[PDB]
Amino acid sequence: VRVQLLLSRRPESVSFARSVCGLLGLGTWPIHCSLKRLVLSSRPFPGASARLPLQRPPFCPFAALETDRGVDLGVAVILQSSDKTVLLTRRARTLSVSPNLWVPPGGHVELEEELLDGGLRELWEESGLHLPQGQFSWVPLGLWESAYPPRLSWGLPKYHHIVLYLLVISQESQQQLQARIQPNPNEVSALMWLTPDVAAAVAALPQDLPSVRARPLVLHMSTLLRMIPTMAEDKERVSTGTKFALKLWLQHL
């Protein structure tokens, strides 16, 4: 699944090297979009279902520079409990493409699947939370242009995504939710729940509560506030897009 821009009134694919953010404008708002092709435009259009914030990290490789590939599309899910807490997942210790990142569960949008289905699935592929009909609302939060490797300091970029974060707001408690959680060891090595105050801190109490059966873990604010390096390194920290997402979640509240 790819990404197109309505700069005129007739859409076009984006060339990979180009900053989507730049073509539409560190951030731009509101951005009108439809996922059905993700379509983006600074201007409204007949198809569009949401007006969203689009941001890039200050270290974006494409904004710096201003081709057998294109601009992929990812989805990631911010799952809020009845208790106003959100789930994060540390990516599996078992390596390859961004290991030990705390990120919300997410990944490639499939091909022909709707957005909520990509989220709700990716949630399930990682946490094994299946959400029962009528026991959750959802709202799209925003759009985040990213790369692997993250920035010029780590290499020229291979991957180029637009990530759409969803907020899935459950009517169930964290107790009730954590109960029926059954993660996949191969995809995630740790799960945690964030309060607003901890999220507020991460986005902008010295320790928060398993690693993976289920060994308990004390994650230290130090870790959760760790910033991104210049020189590559796979150290346990919270990704820059997740920070954008969590900021957005707080705006929502």
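From 1 onward, residues are counted along the sequence shown.
Where coordinates are absent for parts of the deposited sequence, a chain break appears; between neighbours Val212 and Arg213 it spans 4 to 9 residues.
According to the entry, the deposited sequence has 10 or more residues without coordinates between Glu66 and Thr67. For the segment pair 111-119 and 90-98, the entry gives 90-98 the higher mean B-factor, averaged over Cα atoms. Stretches compared: 158-166, 128-136. Higher mean C-alpha B-factor in the entry: 128-136. Highest C-alpha temperature factor among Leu40, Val198, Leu26, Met192, as the PDB entry reports it: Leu26. Going by the entry's values, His220 shows the largest Cα B-factor out of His220, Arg226, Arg56, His32.
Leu177: CA B factor in the highest third of modelled residues in this chain (values from the PDB entry).
Per-chain ranking of the deposited C-alpha B factor places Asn184 in the highest third. Among all modelled residues in its chain, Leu205 ranks in the highest third by Cα B-factor.
In this PDB entry, the Cα temperature factor of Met231 sits in the top third of its chain's modelled residues, the highest group.
Sort the modelled residues of the chain by CA B factor and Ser239 lands in the lowest third.
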